[PDB]
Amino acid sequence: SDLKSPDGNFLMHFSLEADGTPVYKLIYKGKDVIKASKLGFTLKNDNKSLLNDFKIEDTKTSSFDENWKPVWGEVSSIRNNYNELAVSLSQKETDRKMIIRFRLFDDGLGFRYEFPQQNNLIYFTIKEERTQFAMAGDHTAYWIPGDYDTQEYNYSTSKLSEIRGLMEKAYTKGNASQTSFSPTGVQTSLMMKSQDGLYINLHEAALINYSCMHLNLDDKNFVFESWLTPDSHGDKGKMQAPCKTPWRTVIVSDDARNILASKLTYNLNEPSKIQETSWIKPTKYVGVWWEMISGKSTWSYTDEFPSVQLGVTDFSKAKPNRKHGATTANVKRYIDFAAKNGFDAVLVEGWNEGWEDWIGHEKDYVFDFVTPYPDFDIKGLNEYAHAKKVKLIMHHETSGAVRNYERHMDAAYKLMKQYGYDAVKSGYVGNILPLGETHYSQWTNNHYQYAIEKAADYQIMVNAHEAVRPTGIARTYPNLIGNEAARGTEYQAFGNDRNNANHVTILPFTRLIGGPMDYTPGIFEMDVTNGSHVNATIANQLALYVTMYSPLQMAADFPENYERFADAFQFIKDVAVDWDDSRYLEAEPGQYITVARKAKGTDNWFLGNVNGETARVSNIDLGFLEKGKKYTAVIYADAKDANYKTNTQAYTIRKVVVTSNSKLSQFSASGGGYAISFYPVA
């Protein structure tokens, strides 16, 4: 009945109500974090469902404590240490079996349901999951609207009781694809902060063969309930026993830093299924990208036609619109910039026929993922890159046409291998075809998984924009080196409200739980070609290489902008992308994050701070340094009058020798931050 974390700080009580409803409760340092919360499912075409009338048939406890080494990560080694309670239930009248498995870590709780092979539950359909998380009160939440098709929203900070009233404002419209569901519906990872100072995160782990979980708030009693994503037919999981749900996670601490530090989500995913992983490479890149995003260049080659039909349109005879970004000459310039500056790769978007019709047409045969435009020399460019020790990153926008991508996928991945591409950035902009499907159903989640597994067979890394938000599956498939799956830097170029200045102080407490984000930091020119204003300072942009953890790190700006601020650019050149250790020094969701990281295979550290709406002086504890050593520190900081709105390019650079006993104090501006390199003195 009762389960504890290994350190004893968590207690989880499992019971049955009089009517056989399974309920759990969670206590942290003697305080309620999850009050009495019901568990189970409403099934389609089933009067009784799996909501009640259970009896406990068996319970089993055990303990686990091992370490494992990630391929890439924030630390060289991760501890997986929990106590487990497995409750075997049996329903009266139907005699159907459901197991509820709980794991309690020093970071909090994971639980899932399991259906063993049995006689009276075989094929079934989940109409709604009925998993609750009853809150102790009217917490502050850091939240985005519940949506079946996009996560690309600015966060709101409010009380639970205020979500309803804010929902209309927070639910910004005119995304390529978006579908809300409730006036009090929110996505996960959801971050909260109680009245009395607990940090509480609700999420899930190992989202496989199952629909993405959102949460619906009952704002009278402060109870969240699992709200899964409907497929094209309205169903919320076509199941076959033996089978099991993803884990539901409640990560909790009285120290916000421990939320960020937690590996609980990854610990609840299966160990790596990739045996030899040396082909998987953390990457720093530039690309022909922001040019199109910020309105200077096009993905398209020609404007001559009302629409294009691949295999019918003859691109070699079309009039070039002369705006195309992905020309041989332009791609060479980025390759030269990358090779000069120690970057691993160059993304190119708009390389392939079809871009004329990429957005908003609900077009099936939109791309073939193989045919270059006439002005992009695929063979020449990949030879030139390889001779300078650089690779191109393949881009496979699907524009929502999932079958079309599946049918081209093997030829596309083979083209990659033929030219020495080893990573692909995929996308899913637009409604999923055929219309009525959603981005995060069981069905579409299966496609993202299938793309990842097939890529693994080719030794290809995947970075998937507009896919379902991650849930720790990179442990199992470390070739998943990124997703977007949240509001990235691209929105800083899309006008409207761009990104809130404190955006990057929330993403780590929400979106980053489950896996890294391809955020595309490093903007130095904030007033871009199409008039949009990037809401950040240069030093904020440098800090992101540490504060937005990822094995895949873009420097998104143009070569000429980096040339203009070459001194600041040094930090982007110096910073690592993979780490033997990470130490969160300060963190408060929506306000600030400060973190230092030790570059893998070295004694070097890199630190960043990102700061929200309120300018703030931080006092930096340098005790993470090694004792007895002196380090050359270079501090890239906001000038005292820097500001994300009106003074974005004002920064200072200074060098100072420090030890583990040195204290540092630094002003960060509004939407600002700072970055620091530390190299031992020789």
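Residue indices: 1-based, along the sequence shown.
Participant: Taking the mean of the C-alpha B-factors per stretch from the entry, tell me the winner out of 24-32 and 647-655.
Facilitator: Between 24-32 and 647-655, it is 24-32.
Participant: Compare the mean C-alpha B-factor of 596-604 with that of 79-87 as given in the PDB entry, and name the stretch with the higher value.
Facilitator: According to the PDB entry, the answer is 79-87.
Participant: Which one, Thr476, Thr283, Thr150, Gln275, has the peak C-alpha temperature factor per the PDB entry?
Facilitator: Comparing C-alpha B-factors across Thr476, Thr283, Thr150, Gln275, the maximum falls on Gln275.
Participant: Could you check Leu433, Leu190, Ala486, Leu166 and tell me which one carries the biggest Cα B-factor in the deposited entry?
Facilitator: Of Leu433, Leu190, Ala486, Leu166, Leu166 has the highest C-alpha B-factor.
Participant: Please say which third, lowest, middle or highest, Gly295 falls into when its CA temperature factor is compared across its chain.
Facilitator: Ranked within chain, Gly295 CA B lands in the middle tercile.
Participant: Ordered by C-alpha B-factor within the chain, which third holds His139? Give me lowest, middle or highest, please.
Facilitator: Tercile = highest for this residue's CA B-factor.
Participant: Sorting the chain's CA B-factors, does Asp58 end up in the lowest, middle or highest third?
Facilitator: Top third by C-alpha B-factor.
Participant: Can you tell me which third, lowest, middle or highest, the CA B-factor of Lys363 falls into for its chain?
Facilitator: Within its chain, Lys363 is a middle-third residue by C-alpha B-factor, going by the deposited values.
Participant: Would the CA B-factor of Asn9 place it in the lowest, middle or highest third of its chain?
Facilitator: Tercile = highest for this residue's CA B-factor.
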